[PDB]
**Q** 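My questions will all concern the structure given below.
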Amino acid sequence: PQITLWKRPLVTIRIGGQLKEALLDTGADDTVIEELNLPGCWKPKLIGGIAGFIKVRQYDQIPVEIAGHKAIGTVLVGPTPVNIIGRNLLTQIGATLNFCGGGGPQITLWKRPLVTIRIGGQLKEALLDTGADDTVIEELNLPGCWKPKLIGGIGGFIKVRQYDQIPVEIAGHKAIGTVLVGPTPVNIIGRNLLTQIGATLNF
Ligand SMILES: CCCC[C@@H](CN[C@@H](CCCC)C(=O)N[C@@H](CCC(N)=O)C(=O)N[C@@H](CCCNC(N)=[NH2+])C(N)=O)NC(=O)[C@@H](NC(=O)[C@@H](NC(C)=O)[C@@H](C)O)[C@@H](C)CC
């Protein structure tokens, strides 16, 4: 399918025989699913996100059907806020990110989808994250007014400053919208700006 990003990219998956809903997440290295039992052997791991680390169980070589497309790979199980399909399995199903519905750059997901952005006069690197509602930038002295906000994900919540109507050029494509500023470990471009540049998921 071709999937636009006006709403969260939620799909049905089948894993262990069970149907579950999960988010297609270009900003996730790995696939992480809420607590459940998987047939077999696992090992403990820690993984990180916007707001810290959590402990998970790693299962290897697990068959997963994602909207009808077959994958077999690593699934992490633990207290994730949302079930997420990460790049380890998105690559198996042939998923790419495409600008302007395919006329613009194609970005494969073998490595993190990092691109150059321009914001407040400054050039920065940022991750294109289909699993982020909002755009979150590293502490930057933007002039202007703001409101407090808290945003969540793996590890909990962080406090940020919400600025509106901020221009953000992404790989040469102009966007303008809300930007959240705070201590994120990676600059994140979320769906609020990805939609403005005609970014789609395709497989
Ligand atoms: C789970 C919640 C939905 C997915 C998540 C994906 N964001 C990326 C951001 C990249 C990091 C800042 C992510 O967490 N990636 C993880 C996913 C876990 C994974 N293992 O793949 C990752 O790739 N982690 C690497 C990063 C390295 C960690 N550090 C280290 N190894 N030293 C890893 N392998 O652990 N989205 C988010 O966290 C966003 N949350 C949301 O969009 C919504 N919040 C919630 C709770 O649903 C909305 C209501 O705010 C944040 C940014 C706010 C806008």
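Atoms within a ligand are numbered from 1 in the order they appear, just like the ligands themselves. Counting from 1, the numbers follow the sequence of the chain as shown.
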**Q** Same hydrophobic cluster for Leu194 and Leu114, using side-chain heavy-atom links shorter than 4.5 Å among ILVMFWY?
**A** no

**Q** Show me which atoms of ligand 1 lie under 4.0 Å from any heavy atom of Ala132.
**A** 42 (O)

**Q** Check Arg57 with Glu35, please: is the shortest side-chain N to carboxylate O separation under 4.0 Å?
**A** no

**Q** I need the atoms of ligand 1 closer than 4.0 Å to a non-hydrogen atom of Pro185, numbered in the order shown.
**A** 12 (C)

**Q** Nearest non-hydrogen contact with atom 39 (C) of ligand 1 belongs to which option: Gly152, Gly190, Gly153?
**A** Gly152

**Q** Using the rule that two of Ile, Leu, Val, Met, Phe, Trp, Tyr join whenever any of their side-chain heavy atoms come within less than 4.5 Å, decide whether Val136 and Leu127 are in one cluster.
**A** no

**Q** Please work out which of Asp29, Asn88, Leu76 has its closest non-hydrogen atom nearest to atom 23 (O) of ligand 1.
**A** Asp29

**Q** Considering only heavy atoms of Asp30, which atoms of ligand 1 have at least one such atom less than 4.0 Å away?
**A** 19 (C), 20 (N), 21 (O), 34 (N)

**Q** Please list all pairs meeting salt bridge (charged side-chain N to carboxylate O under 4.0 Å, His left out) that have one or both residues in residues 90-109, counting only residues at least two apart or in different chains.
**A** none

**Q** Within the 4.0 Å heavy-atom shell around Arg8, which atoms of ligand 1 are there?
**A** 49 (C)

**Q** Using side-chain heavy atoms (C-beta onward) and a distance below 4.5 Å, is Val181 in contact with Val160?
**A** no

**Q** With backbone taken as N, CA, C and O and side chain as the heavy atoms from C-beta onward, which portion of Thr31 lies under 4.0 Å from ligand 1: side chain, backbone, both, or neither?
**A** neither

**Q** Please list all pairs passing the salt bridge (charged side-chain N to carboxylate O under 4.0 Å, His left out) test where one or both residues lie in residues 187-203, with sequence neighbours left out.
**A** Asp133-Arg191

**Q** Checking the N or O distance criterion of under 3.5 Å, is ligand 1 in contact with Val136?
**A** no

**Q** Does atom CD (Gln61) have a neighbourhood of more than 12 heavy atoms from anything else shown, all under 6.0 Å?
**A** no

**Q** Counting from 1, what ligand 1 atoms have a heavy atom of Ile188 closer than 4.0 Å?
**A** 12 (C), 52 (C)

**Q** Which of the atoms of ligand 1 are close to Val82, meaning less than 4.0 Å from one of its heavy atoms?
**A** 47 (O)

